[PDB]
Structure formats: structure tokens, C-alpha cells
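Asks: Sharing a structure below in C-alpha cells format, with a few things to ask.
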Amino acid sequence: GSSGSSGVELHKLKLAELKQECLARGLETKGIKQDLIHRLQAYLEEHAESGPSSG
């Protein structure tokens, strides 16, 4: 409505948060912050729910 935030970003999440997400998903919680995020994004894009059909 006002002064709100529409859209979640992994970056915002801390190292502990990123690792937690990977654990629940069942991915490798190894590497650094970038490693966790990169893996999360790759998985999201691959296991995309809605079609990319943009426009």
C-alpha cells in the first residue's frame, strides 16, 4: 500500500539465511555467500513455476 516492499531478494538474506534455504531445498550448502545465492538462482530458474512468457 505505502512505503512497502514488493519483491524478495536473496542478496538481502544473510549467510545463515542462505544456508537455511539450501538445506530445506536439499542443495549443497558449501562455498561462500555468492556460491549459495548462485546455486539458489540456478535452481529457481531451472525449476521455474510460471512461464517466462513476458510481454
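Following the order of the C-alpha cells, chains are lettered A, B, ..., residues in each are numbered from 1, and ligands are numbered from 1.
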Quick one: contact table of segment 3-25 of chain A to segment 30-46 of chain A, 7 Å max, nearest atom pair and distance in Å to one decimal per residue, counting only C-alpha atoms, chain and number order, as CSV?
Replies:
residue,atom,partner,partner_atom,distance
A:10,CA,A:37,CA,6.5
A:15,CA,A:33,CA,5.7
A:18,CA,A:36,CA,6.1
A:19,CA,A:36,CA,6.8
Asks: So how far away is atom CA of residue 51 of chain A from atom CA of residue 14 of chain A, in Å?
Replies: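 That distance, rounded to one decimal, is 28.9 Å.
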Asks: Report, in Å to a single decimal, how far apart atom CA of residue 21 of chain A and atom CA of residue 54 of chain A are.
Replies: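 Going from atom CA of residue 54 of chain A over to atom CA of residue 21 of chain A, I get 27.4 Å.
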Asks: Select from chain A everything DSSP, run on the backbone, classes as helix (DSSP H, G or I), then give the selection as a PyMOL selection string.
Replies: chain A and resi 15-25+33-46
Asks: Just to confirm, what's the straight-line distance from atom CA of residue 24 of chain A to atom CA of residue 12 of chain A in Å (one decimal)?
Replies: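 Rounded to one decimal, the two atoms are 18.3 Å apart.
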